[PDB]
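As structure tokens, one chain now follows by itself in the form deposited in one PDB entry.
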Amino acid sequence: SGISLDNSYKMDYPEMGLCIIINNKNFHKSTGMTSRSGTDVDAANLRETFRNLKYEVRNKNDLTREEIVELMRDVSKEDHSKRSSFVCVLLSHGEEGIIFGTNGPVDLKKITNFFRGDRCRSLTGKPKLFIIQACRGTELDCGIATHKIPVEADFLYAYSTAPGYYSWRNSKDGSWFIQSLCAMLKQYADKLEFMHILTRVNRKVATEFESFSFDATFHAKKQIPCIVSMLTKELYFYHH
């Protein structure tokens, strides 16, 4: 055949892949964690968005730390040979490097490690996307007026907020990040490369949202998502 390029991930496998959505809204009373009002809006938006991208979506609600680990272990042990990629969305409370099960924390590394290039062979060389809507600390942004491959390769972590910062969620409209992500995927998934779509998400969250609170400490705050890429190729959700 003619000249061939290897700049983009092969996304024309029989299946796009799984999209696991872990939606934690209600937490065990003993944890002292608040109910995440508006998260169901996020979960539904994500389910529809990824369904239209042809992903096999599996929604899971209110999972304990043990259930989260079991689920990810089981999913990583499935045969992903006929799948182009893997997507996991985590909606919960969190801290830097941590996501909360309904009864306690789970290190994000524990979850992502199941999908390492050496631990999930049927996903080796394929994009593994982790979308995380959770806090990464307690900082508030005041804003300003205007052969072998690495086992950590091929992962993309789309964090809702910058390292060390809180992440915002509206009880009626859903989280700022997920609202924006779904809107940009619906509008550009058939036109732009993934990093460019995520950059549009960054701009949307950065410019269209600002917190409103009766508490001065939490009022008029801003947010910027954080794209962390270990991808080795361009990612387009469409093919041909």
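When you see a residue number, it is the position in the sequence shown, counting from 1.
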| item | value |
| --- | --- |
| Gap size between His147 and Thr146, counted in deposited residues that the entry leaves unmodelled | 10 or more |
| Selected stretch [higher average CA B-factor]: 5-13 or 21-29 | 5-13 |
| Higher-B stretch (mean Cα B-factor, as the entry records it), 188-196 or 175-183 | 188-196 |
| Out of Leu156, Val87, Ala134, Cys120, residue topping the C-alpha B-factor column of the entry | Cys120 |
| Deposited CA B-factor, highest of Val151, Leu91, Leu129, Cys142 | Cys142 |
| Assigned third (lowest, middle, highest) for the C-alpha B factor of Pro105 | highest |
| Third of the chain, ranked by Cα B-factor, where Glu48 sits | lowest |
| Where the record places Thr64 (Cα B-factor, split into thirds across the chain) | middle |
| Third of chain Cα B-factors occupied by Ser167 | lowest |
| Ranked against its chain, the third holding the CA B-factor of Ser81 | highest |
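There is also a form solved in complex with a partner chain; it is not shown, and the following applies to it.
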{"property": "Site check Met72, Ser76 and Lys110: each within 4.5 Å of the partner chain in the deposited bound form by heavy atom", "result": "no"}
{"property": "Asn26, heavy atom within 4.5 angstroms of the partner chain in the deposited bound form", "result": "no"}
{"property": "Close approach of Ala43 to the partner chain in the deposited bound form, 4.5 Å, heavy atom", "result": "yes"}
{"property": "4.5 Å heavy atom contact, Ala183 to the partner chain in the deposited bound form", "result": "no"}
